[PDB]
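Shown below, as structure tokens, is a lone chain in the form solved without the ligand; questions about how it binds or moves come after it.
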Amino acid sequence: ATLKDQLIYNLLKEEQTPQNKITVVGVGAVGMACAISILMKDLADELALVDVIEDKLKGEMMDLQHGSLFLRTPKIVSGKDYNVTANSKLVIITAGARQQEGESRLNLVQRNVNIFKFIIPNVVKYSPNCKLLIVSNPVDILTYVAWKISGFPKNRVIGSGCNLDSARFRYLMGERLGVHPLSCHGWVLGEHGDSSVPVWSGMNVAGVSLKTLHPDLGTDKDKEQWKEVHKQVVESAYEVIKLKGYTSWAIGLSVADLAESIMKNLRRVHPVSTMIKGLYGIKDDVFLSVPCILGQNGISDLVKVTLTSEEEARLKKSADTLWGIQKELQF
């Protein structure tokens, strides 16, 4: 008898699948922020990591494993081979090229589509019943791409979308009003990018319409220049990229928020990238953010947000910009 044998009597040796497995693909700044945020929210019983850079992948995995004492996720694995990802409930894709200073997210398309052509079939092979959560940019276009390549029903292909833009908007609104963002309500929809749409008509604190109180809210005639709040949301990534090189923490928290709703079947509403065909007269298979009910089967329902004529025109412009790109892609 070995020490382990003398210490421990085994009742059964059976391999059971994990109950709540999450995979993150891409262990860069974003993937590792999503990983740590998910670990510290106790959302998974197994975390798997995938990348193409083998040394970085192993190092990241080890660094998280060394923290196991402080976590409640008892198995952390990694590998370049997608067999490590099998039986995942949720697969989060963060791999690919990121924006350089002054580059648009839309300049990343070719690079990141060609990565997805390899990643997505491999994910689907090993977790045919997972939900896919796309983070890689440009996130709305890549959500469309992941949906086309996977063959999944569209409820199971979810882009992180404007959950982050809306969190930024609420932070900025809170700063102006002296209220925690949790109590400042306001939605940013459409592209996660330059063409996003602030929904001024829905902004409120305690159910009190700010546009009703201040009819010029968001317009050029506004003495308080609330449009600058949305301009700051749009410019956020560019400033943070200029200062620190990339963004990571806010998106990691945003993704963990989405993962919480999916994994715990909460049926919370989040603005995430999905197919908008049938809303606002849009006929095209365009993906962009609208508020969606999220839970264990992904997106089960879309909220039909009432938009002003100007808000609706701006959303349709965002859809046109994205569809212009999405329609020319080759599969």
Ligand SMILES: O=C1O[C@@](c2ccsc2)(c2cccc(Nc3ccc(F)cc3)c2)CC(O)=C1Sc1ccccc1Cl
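Residues carry their position along the shown sequence, with the first being 1. Between two forms, the rigid core is the largest collection of C-alphas that superpose within 1.5 Å.
Missing here is the form solved in complex with the ligand; even so, the following discussion is about that form.
Within 2.4 Å of backbone or C-beta atoms of the shown chain, at least 3 atoms of the ligand land once it is superimposed from its position in the bound PDB entry; the pocket counts as blocked.
Comment: the ligand is not present in this chain, but in the bound PDB entry one of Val197, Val145, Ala237, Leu132 has a heavy atom within 4.5 Å of it, namely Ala237. Only one of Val157, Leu90, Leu164, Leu189 comes within 4.5 Å of the ligand in the bound PDB entry through a heavy atom, and that residue is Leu164. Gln100 belongs to the set of residues with a heavy atom inside 4.5 Å of the ligand in the bound PDB entry. Using a 4.5 angstroms threshold between heavy atoms, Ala259 stays clear of the ligand in the bound PDB entry. Residue contact with the ligand in the bound PDB entry: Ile149 places no heavy atom within 4.5 Å of it. Contact annotation: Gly218 falls outside 4.5 Å of the ligand in the bound PDB entry, judged by heavy atom distances. Taking a 4.5 Å heavy atom cutoff to the ligand in the bound PDB entry, the contacting residues in 246-267 are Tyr246, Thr247. Rigid-core fit between this form and the one not shown: of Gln225, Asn204, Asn107, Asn87, the one residue whose Cα shifts 2 angstroms or more is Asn107.
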